[PDB]
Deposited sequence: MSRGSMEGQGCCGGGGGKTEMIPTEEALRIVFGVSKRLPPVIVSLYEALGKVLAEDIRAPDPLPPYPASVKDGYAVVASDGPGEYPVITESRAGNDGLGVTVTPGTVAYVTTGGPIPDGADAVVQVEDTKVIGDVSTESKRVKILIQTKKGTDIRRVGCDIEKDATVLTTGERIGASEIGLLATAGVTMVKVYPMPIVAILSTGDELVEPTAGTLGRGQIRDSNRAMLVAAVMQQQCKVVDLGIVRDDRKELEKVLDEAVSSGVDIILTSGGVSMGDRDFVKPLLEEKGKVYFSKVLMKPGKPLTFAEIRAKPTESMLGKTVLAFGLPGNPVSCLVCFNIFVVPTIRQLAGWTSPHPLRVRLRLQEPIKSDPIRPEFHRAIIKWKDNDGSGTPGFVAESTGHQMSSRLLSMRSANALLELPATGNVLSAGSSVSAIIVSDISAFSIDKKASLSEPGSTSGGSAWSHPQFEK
């Protein structure tokens, strides 16, 4: 009853629908996806602006000594005739009659009225931004579907847009279920108790996705309270519910029965390593009516994060309006021998480093293994930035064979 991972997210990509757009402020638009076309209301520059510090001249007059008629520093709104020059700084408006601008280190100084000598001859239009040189009027400078970075903020500011129409981020509710879970603030542990590490992990994992987290806390293994928390969640306005634990084969695992009771489950077992259990349900809020997506993530720590990175991250990007929600996939060569599982494809976590020499004798990517891949050993996720997509061959891949990998974190490194 296991669904392949390719079909698994094919279902999610078919059920998840992009969120309605919202108006936000300029800084609130950082990282979000543009939901409208931006047109510049005036050109840039809206006036002939000097590119270099120096003097606005007539190209015909050529080199020689000339008087400085007026001055036109960046700030103010007189013409120049053949035989006179005007002093300008960068950004300054060019007066009428000027054909070009000579630099200042291409001029000489030369106590009443001042005169300046021009050492070179300039072709017409030298060091001058014509009106609309960089941005023309009413032109599209940012288009729908673009992700707002720092430069796109600078373009919005150039055009005067401080209120932007964007697709918002999904609100995410997160909870843990386990009768053995205690808060991480707990000091000495009692018999059969462990601290709750999946919740704080998912909270931070969603925080990195710039989504609003709503911390529903620890829930015990009982149907009544687990239902109360679920009914609280969907009615609070959340878009995605993230459940950790209570989705296995035990007789107190009420996540699958409660999801299929309140909505429509699409799968509960996935051909994965790790993370054989993975429940994905569609729930409907009953108020403004809206559809809520629910991920019953497995309770094992490394299994929880892995399912988050492969099935929740694209779901978040798709609700936020990304055109390419899928993660970056790269081909790399192995740095050490590693065996694969024969039954299900193993998402082996590795540390990816770019090298100016590998894959053969060319520059490419390499990846060393993090160690043991136990579903409970969270030390395998430590400093892991890649996810090796290993086939279910059961063989041993040599320290040089090429495989496929998913980028789950920014490499940076050296």
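No C-alpha positions are given for the deposited-sequence stretches 1-19, 97-99, 133-136, 314-317, 445-471.
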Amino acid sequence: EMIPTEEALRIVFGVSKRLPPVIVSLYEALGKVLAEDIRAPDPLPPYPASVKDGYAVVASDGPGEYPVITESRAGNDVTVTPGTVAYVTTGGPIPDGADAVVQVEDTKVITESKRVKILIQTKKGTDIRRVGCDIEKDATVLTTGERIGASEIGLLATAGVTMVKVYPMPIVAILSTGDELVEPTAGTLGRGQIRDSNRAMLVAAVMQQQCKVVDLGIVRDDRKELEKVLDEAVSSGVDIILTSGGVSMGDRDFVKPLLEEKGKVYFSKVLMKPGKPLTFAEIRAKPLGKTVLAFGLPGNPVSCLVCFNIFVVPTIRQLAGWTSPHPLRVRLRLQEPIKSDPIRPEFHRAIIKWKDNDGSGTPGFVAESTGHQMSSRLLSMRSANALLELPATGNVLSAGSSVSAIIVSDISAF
From here on, numbers count along this sequence of modelled residues.
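Here the rigid core means the biggest group of C-alpha atoms that line up within 1.5 Å when the two forms are laid on top of each other.
With every structure aligned by its rigid core, 357-365 is the stretch of 55-63 and 357-365 whose CA positions lie farther away in 4 other deposited structures of this protein.
Superposing on the core and measuring CA offsets in 4 other deposited structures of this protein, the stretch of 66-74 and 24-32 with the greater mean deviation is 66-74. Omission of residue 180 is seen in none of the other entries compared for this protein where the adjacent residues are built, far below a third. Not even a third of the other compared entries skip residue 150; each one keeps it along with the residues on either side.
Note on 197-205 vs 270-278: mean CA B-factor is higher in 270-278. 84-92 and 173-181 differ in mean CA B-factor, and the higher of the two is recorded for 84-92.
Comparing C-alpha B-factors across 216, 109, 297, 211 in the deposited entry, the largest value falls on 109. Residues shown: 366, 29, 388, 35. Highest C-alpha temperature factor in the entry: 366.
In this PDB entry, the Cα temperature factor of residue 317 sits in the bottom third of its chain's modelled residues, the lowest group. When all modelled residues of the chain are sorted by CA temperature factor, residue 257 is found within the middle third.
When the modelled residues of the chain are ordered by their C-alpha B factor, residue 14 lands in the middle third. When the modelled residues of the chain are ordered by C-alpha B-factor, residue 402 sits in the highest third. Annotation for residue 263: CA B-factor lies in the middle third of the chain's modelled residues.
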